[PDB]
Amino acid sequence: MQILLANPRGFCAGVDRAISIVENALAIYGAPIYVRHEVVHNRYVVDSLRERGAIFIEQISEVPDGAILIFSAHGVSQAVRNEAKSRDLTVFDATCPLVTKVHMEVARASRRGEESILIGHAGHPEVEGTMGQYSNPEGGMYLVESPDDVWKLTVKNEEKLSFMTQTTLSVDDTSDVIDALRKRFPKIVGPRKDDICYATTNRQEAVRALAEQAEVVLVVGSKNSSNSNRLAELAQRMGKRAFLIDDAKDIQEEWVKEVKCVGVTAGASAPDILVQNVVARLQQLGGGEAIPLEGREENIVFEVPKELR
């Protein structure tokens, strides 16, 4: 069985930064370090960090006075940030720079009391942090997930309207929602295309090329990783059986029985060691040397804050 690896796959720069932030805080200050929400959505990364003395909470009221608190890569609402500020806490912010970019625009529209529409998935922490940057009651902040949501939205002043997106969405589904927003709201202002980040776009482009060759695609990533779910869905849409799996243990041998080419990719929050364990397990099940596909280069690194060297 031939094993092909997608490229790019795995850690993007925001993830690598957000984990280094927690690891370095642990090294500088010692346990416990509180983290608001899983620092990235990967069980292996979260369980490791917990075992080293990170405590992951959802609310700032779970954090004791005097504690060091890290916001997760996904970002947090102004309300959360203000609640942390109004408390005793030393805060470091692991929000990905490319989420912070979107937050700044939503803050700009709110100061204008102009309405804004976010494209994203309800209940995702990034969507909460981003919808949470809008506070002006004079305007409004609306969430849509699909063309049908656009088709039911009414806004106060369609002449002064802008949109933003979640960073990890399907590039193709988002394009549909945007075409619907511009048909419904012809004066709507947005980015050139969307706020999908380079790593999301590139891993989707890479999983498309992988699915073109592979009969089955394994996407290493946790059930709650938005971006990892989009890679699996993309392959499934191309007619390939695709599974989202945390680790090599999850691989059922039926999935690869008498399959001649299996592809492996990993979401932006999954460590490369998980991919290497998955490859070792497909080799036990009949696969040969893992071949990486040729892929678009990524060269971006985001450094930890200087306080955390």
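Just count from 1 along the sequence shown to find any residue number. In this text, rigid core is short for the largest set of C-alphas that superpose within 1.5 Å between two forms.
Fitting each structure in 6 other deposited structures of this protein onto the rigid core and averaging C-alpha distances over structures and residues, 57 to 65 emerges as the more displaced of 262 to 270 and 57 to 65. On average the C-alpha atoms of 296 to 304 have higher B-factors than those of the other stretch, with 5 to 13 and 296 to 304 being the two compared. For the pair 273 to 281 and 257 to 265, the mean B factor over Cα atoms is greater in 257 to 265.
For the set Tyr29, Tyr34, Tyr44, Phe243, the PDB entry puts the maximum C-alpha B factor at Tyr29. When the C-alpha B factors of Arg230, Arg203, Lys193, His124 are read from the deposited coordinates, the top value falls at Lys193. Sort the chain's modelled residues by C-alpha temperature factor and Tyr198 lands in the lowest third, per the entry. In the deposited entry, the Cα temperature factor of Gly75 sits in the bottom third of values across the chain's modelled residues.
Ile291: CA B factor in the highest third of modelled residues in this chain (values from the PDB entry). Among the modelled residues of its chain, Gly113 has a C-alpha B-factor that falls in the highest third according to the deposited record. In this PDB entry, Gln133 carries a Cα temperature factor that places it within the middle third of its chain's modelled residues.
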